[PDB]
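# A structural model of the following input is requested.
(chains A, B and C, ligands or ions: 22)
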Amino acid sequence: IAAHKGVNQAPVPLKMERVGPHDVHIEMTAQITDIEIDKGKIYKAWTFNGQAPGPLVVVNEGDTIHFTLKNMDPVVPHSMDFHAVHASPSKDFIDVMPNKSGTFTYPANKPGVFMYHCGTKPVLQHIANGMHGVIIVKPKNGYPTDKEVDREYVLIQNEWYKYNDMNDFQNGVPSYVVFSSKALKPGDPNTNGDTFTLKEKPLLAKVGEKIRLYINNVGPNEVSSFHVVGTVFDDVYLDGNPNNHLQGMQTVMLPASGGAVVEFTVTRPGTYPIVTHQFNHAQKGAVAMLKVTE
Amino acid sequence: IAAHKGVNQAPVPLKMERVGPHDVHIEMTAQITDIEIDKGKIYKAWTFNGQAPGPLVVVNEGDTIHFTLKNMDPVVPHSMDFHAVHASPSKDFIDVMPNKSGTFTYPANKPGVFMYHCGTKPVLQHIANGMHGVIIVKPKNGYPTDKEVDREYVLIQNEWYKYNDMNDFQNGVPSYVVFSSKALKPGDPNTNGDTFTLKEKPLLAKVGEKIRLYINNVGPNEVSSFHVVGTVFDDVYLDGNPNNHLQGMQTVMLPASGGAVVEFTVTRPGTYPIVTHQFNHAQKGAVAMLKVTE
Amino acid sequence: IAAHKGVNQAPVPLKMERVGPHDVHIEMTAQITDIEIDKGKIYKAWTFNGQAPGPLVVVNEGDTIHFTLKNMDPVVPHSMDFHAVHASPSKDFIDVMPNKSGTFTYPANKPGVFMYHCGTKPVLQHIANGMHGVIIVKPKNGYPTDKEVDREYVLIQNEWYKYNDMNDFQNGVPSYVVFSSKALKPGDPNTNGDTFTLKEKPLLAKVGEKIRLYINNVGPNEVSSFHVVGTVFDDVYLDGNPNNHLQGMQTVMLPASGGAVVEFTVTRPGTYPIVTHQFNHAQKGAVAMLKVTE
Ligand SMILES: [Cu+2]
Ligand SMILES: [Cu+2]
Ligand SMILES: [Cu+2]
Ligand SMILES: [Cu+2]
Ligand SMILES: [Cu+2]
Ligand SMILES: [Cu+2]
Ligand SMILES: [Cu+2]
Ligand SMILES: [Cu+2]
Ligand SMILES: [Cu+2]
Ligand SMILES: [Cu+2]
Ligand SMILES: [Cu+2]
Ligand SMILES: [Cu+2]
Ligand SMILES: [Cu+2]
Ligand SMILES: [Cu+2]
Ligand SMILES: [Cu+2]
Ligand SMILES: [Cu+2]
Ligand SMILES: [Cu+2]
Ligand SMILES: [Cu+2]
Ligand SMILES: [Cu+2]
Ligand code: NA
Ligand code: NA
Ligand code: NA
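Numbers count the residues shown, from 1 in each chain, chains lettered A, B, ... in the order given. Ligands and ions are numbered 1, 2, ... in the order given. Sharing the structure here:
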């Protein structure tokens, strides 16, 4: 797009504040930012807040979200669709024009690990260019296994195609399939979807810990066979709802937009790859590392 | 096929009558009918009863089905395979020759939302050309959530390829992925698998209702990530068995031939898209609309 | 590979002995063997023990496995990754050089139907060329339905691509998708992944039996929609863990590397096809037969 030529908007921080016991304000941007998705390969991504996937949003079950989107794109409208909320798509997930803002209000009444994304037509084009992310809604009474959990991270899987190529987006195989991590607490890694960053800079843990991962496969098009090498998932909660509780899985299937909470123990020191077991995708980038030390 | 050139057999109504407390007679046709699958695009479909997917069949758990197939195809044999039944495939799912009829008897002893299809070799060719559909077997004691349900519809997802092109059917991407609705009660929409009809003529509901959808992804080749925009599924029953009960899903993965009962609430007026969240497929047609009014 | 030109190493028998109440010794080979994957088509497979998929390994829950890999490949290193075990991938799933052996020890503490495979970079290349298989870990207290089960078999699904073609492995469709059976008890069929052997030589059962299948889809790349024609699965245990118990499924979705225990009844004599219901794959070979006699 001619108007995006030489646009590179620096990342803006997620703005969030709680205004009531069950009411939260969140403010995000839609903006155009260059992301290195593979070594030497830039993608002029369509983003929320200059990150792809977008920044992590965490709320509590029963929170009402008062959402503001500032659209910094100089030419293309953008919108926001949270999978966590009950809303009217045609009133509450509407387009916000270039240089304008819109504020929408809706409740998050179910716990889980929900995808979020732009809902502007054509939706495939806006998702594939980078407008996705995850919102975690914490359960009111936790998970049954919370007391066993030593450590937590958030991982997202996504695909990259030929830049802004609608024929590729529809008919082509992915050029890259990648993981990213988003921070739950200051100090945790917060990265973009690329082929290399979680290889070079592994996630960390200690020998003997039980690790919880909140995972979502945002696609846009592929399913995921998610698996951690050298362990078995003790517990899995489909979509992060406590009630959907499976045990002893080797591999967790995730639909496009699907999430889960998975928990597992690392019994010995060394480096544990994290993959999607559809190994064409793992070869195209979707291998993250977990380094476990004494 | 030369013998199908200029064949367009008008749709015939499903014939069904109950002959006992647990015995039902059903009579269908195999026939060749032109279907508009996309605007300006005709597909000379291989069908049951001139519909693709085929007509909706609804029976009760424990019913024995006495099935008759009249094969109206002037050259190609056809057969019927119900996923709901216990049968001998090589005696009970046999081919019925052109201009002949066959009658088969078998019981439906499990509740659910089962795929049905032609079982003639090569099976891919007969399915891809349009010979699929759904049979619902109602549970003897219902679902736990029946009292909460205000309204019900049936949705099927299918793919269309290059007409009668075995290389495309095997190796190609779908040209179209579509939804159709089938009627539970006179007055409900009953449509074919096309890109447009549920966009132009949405399904209807009222603000505040709990909606049940009986869904099956007949393929033939793809999986589905089924999701309703602006809501979360309160309850899901995998394959429509009451015992396979998940809660709070954002998205339901369906294998090829897979079904589910899903239930959700619409809290605000407007138009709610219904998609498969593998968004290449949604772009190729698989977006249905639900219009919710005061 | 020049050094594999005219290499055809004859199959070696799996070597297994129990050395303690909870300790087992297993010895396998990595070796290069010609497999007829389709009629008239040889694939110079990278194998464990001259079989593709590899030989069946069966242990008990809580067993510690003392594993030896003899690498008979004259040029390429190989390794072993068992999904059943808790291990350090970078110490315990390491490469064993040509003409050398390595011995590793790790526990199998969870019951199920686990994939196993070579873990040598690039992992896709080693899996796609044939280095996969299944290890069953029997539950300490069985499955709830053991008393109902009359008969058992093991089935694996895999893909074959263009020989040793990394571009095909990453970007291409499978050339073949196949089933194989592995023997639980001497006398049961033990076959390789090909298009024909379970068509010509069906699995056997008697009218009225409840049949248990232990299934795993090793991929490397595709998911499976597993379905037996003419029946409905009475019970399914995801990944073969007793706790993940679904009922009345028509079709079981399996991620890449995913497994399940499924059980079903055959009520009438004749031939029951076993398929993946993604029918492009079934057309490319993945149809097995079950013959049911009086
Ligand atoms: Cu309160
Ligand atoms: Cu406010
Ligand atoms: Cu957008
Ligand atoms: Cu969505
Ligand atoms: Cu701990
Ligand atoms: Cu593993
Ligand atoms: Cu009765
Ligand atoms: Cu009768
Ligand atoms: Cu047919
Ligand atoms: Cu079928
Ligand atoms: Cu109501
Ligand atoms: Cu949504
Ligand atoms: Cu003991
Ligand atoms: Cu030993
Ligand atoms: Cu190897
Ligand atoms: Cu693996
Ligand atoms: Cu029996
Ligand atoms: Cu069937
Ligand atoms: Cu699945
Ligand atoms: Na591995
Ligand atoms: Na949406
Ligand atoms: Na069938």
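# relative to the longest strand seen in chain A, what are the paired strands and their orientations?
Secondary structure of chain A read by DSSP state E shows that its longest strand is strand A:23-38. When pairing is defined by DSSP bridges, strand A:23-38 lines up against strand A:15-20 (antiparallel), strand A:41-48 (antiparallel), strand A:63-71 (parallel).
# who in the stretch 1-150 of chain A is up against chain B?
Those residues of the stretch 1-150 of chain A that sit near chain B, judged by Cβ under 8 Å from any Cβ of the partner chain, are A:81, A:83-93, A:109-112, A:114-115, A:119, A:122-124, A:127-128. For the C-beta atoms, the positions are set from N, CA and C on the backbone; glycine is no exception.
# neighbours of the residue of chain A found nearest ligand 11, how many?
For chain A, the residue closest to ligand 11 is residue A:86, as judged by Cβ to the ion, at 14.3 Å. Per other Cβ atoms under 10 Å in any protein chain shown, the neighbour tally for residue A:86 reads 19.
# give the contact list for it.
Neighbouring residues of residue A:86 by Cβ atoms under 8 Å, 6 or more residues apart in numbering or on different chains: A:106, A:107, A:109, B:230, B:231, B:232, B:265, B:267, B:268.
# leaving out chain neighbours, which residue sits closest to residue A:249?
Closest residue to residue A:249 apart from its sequence neighbours, by Cβ to Cβ, 6 or more residues apart in numbering or on different chains: residue A:233 at 4.6 Å.
# show me what contacts the one you found?
Counting by Cβ under 8 Å, 6+ apart, residue A:233 touches A:247, A:248, A:249, A:250, A:252, A:262, A:263, A:264.
# 6 Å instead?
Residue A:233 makes contacts with A:249, A:262, A:264, as judged by Cβ atoms under 6 Å, 6 or more residues apart in numbering or on different chains.
# just those now: which is nearest residue A:68?
residue A:262 (32.7 Å; Cβ to Cβ).
# wait, isn't that closest one in contact with residue A:235?
No. Using Cβ atoms under 6 Å, residue A:262 is not in contact with residue A:235; the gap is 7.4 Å.
# which one's more surrounded, those two?
Neighbour count, other Cβ under 10 Å: between residue A:262 and residue A:235, residue A:262 has more, with 25 against 20.
# which residues does the more buried one bridge with?
residue A:213, residue A:236.
# ok, now how distant is it from residue A:248?
Distance, residue A:262 to residue A:248, using Cβ to Cβ, to the nearest Å: 11 Å.
# identify the bridge partners of residue A:33.
residue A:45.
# would you agree it is in contact with residue A:9?
Yes. Taking contacts as Cβ under 6 Å, residue A:33 lies within contact range of residue A:9: 5.4 Å.
# so these two - more neighbours on which side?
Neighbours per residue (other Cβ under 10 Å) separate residue A:33 from residue A:9, with residue A:33 holding more: 24 against 17.
# touching ligand 21 at all, stretch A:212-224?
No. Contact of stretch A:212-224 with ligand 21 (Cβ under 5 Å from the ion) is absent, the minimum separation being 11.1 Å.
# tell me the residues of the stretch 101-250 of chain A that contact ligand 21?
Contacts of the stretch 101-250 of chain A with ligand 21, taken as Cβ under 5 Å from the ion, map to residue A:119.
# so what sits opposite the nearest residue to residue A:100 once chain neighbours are set aside in the bridge?
Leaving aside its sequence neighbours, residue A:100 sits nearest to residue A:71 (Cβ to Cβ, 6+ apart; 5.9 Å). Taking DSSP bridges as the rule, residue A:71 bridges to residue A:30.
# wait, residue A:158 sits on residue A:194?
No. With contact defined as Cβ under 6 Å, residue A:158 does not reach residue A:194; the gap is 10.1 Å.
# report how many residues lie close to residue A:135.
Count around residue A:135 with other Cβ under 10 Å applied: 24.
# how close does the spatially closest residue to it that is not a sequence neighbour sit to residue A:138?
The shortest distance from residue A:135 to any non-neighbouring residue, by Cβ to Cβ, 6+ apart, is to residue A:57 (4.1 Å). The span separating residue A:57 from residue A:138 equals 11 Å under the rule Cβ to Cβ.
# helix, strand, or coil at the closest residue to ligand 17 within the stretch 51-200 of chain A?
With Cβ to the ion, the shortest gap between the stretch 51-200 of chain A and ligand 17 falls at residue A:144, namely 36.7 Å. When classified by DSSP: H, G, I helix; E, B strand; the rest coil, residue A:144 comes out as coil.
# neighbours around it, how many?
11.
# residue ranges of the strands in the stretch 151-294 of chain A, please?
For the stretch 151-294 of chain A, the strands defined by DSSP state E, counting those that start in this stretch cover A:151-160, A:176-182, A:203-206, A:210-219, A:224-228, A:233-238, A:245-249, A:252-254, A:259-265, A:270-276, A:287-293.
# does chain C have contacts with the fifth one?
Yes. Figure legend: strand A:224-228 in contact with chain C (Cβ under 6 Å from any Cβ of the partner chain); contacting residues residue A:225.
# so that strand versus strand A:176-182, what angle?
Orientation check (axes from the mean of the first three to the mean of the last three Cα atoms, to 10 degrees): strand A:224-228 against strand A:176-182 gives 60 degrees.
# can you report how many residues lie near residue A:187?
So residue A:187, with other Cβ under 10 Å, has 7 neighbours.
# same question, residue A:100
There are 11 residues near residue A:100, going by other Cβ under 10 Å.
# cool, residue A:224 as well?
Using other Cβ under 10 Å, residue A:224 has 31 neighbouring residues.
# my read is that it contacts residue A:253, right?
No. In this structure, residue A:224 is not within contact of residue A:253 by Cβ under 6 Å, at 7.2 Å.
# now do the shared contacts for the two.
By Cβ under 6 Å, 6+ apart, no residue touches both residue A:224 and residue A:253.
# chain center to the longest strand of chain A, what's the gap?
Offset of strand A:23-38 from its chain centre (Cα atoms, centre = their mean, to the nearest Å): 12 Å.
# do that strand and ligand 3 come into contact?
No. On the criterion Cβ under 5 Å from the ion, strand A:23-38 is out of touch with ligand 3, staying 6.0 Å away.
# contacts for that strand?
By Cβ under 6 Å, 6+ apart, the residues outside strand A:23-38 that reach it are A:4, A:7-9, A:12, A:15-19, A:42-45, A:47-50, A:52, A:59, A:63-73, A:78, A:160, A:176, A:192, A:194-195.
# quick one: contacts for the closest residue in space to residue A:219 that isn't next to it in sequence?
Spatial nearest neighbour of residue A:219, chain neighbours left out: residue A:256 (3.5 Å); criterion: Cβ to Cβ, 6+ apart. Residue A:256 makes contact with A:219, B:225, B:277, B:278 under the criterion Cβ under 6 Å, 6+ apart.
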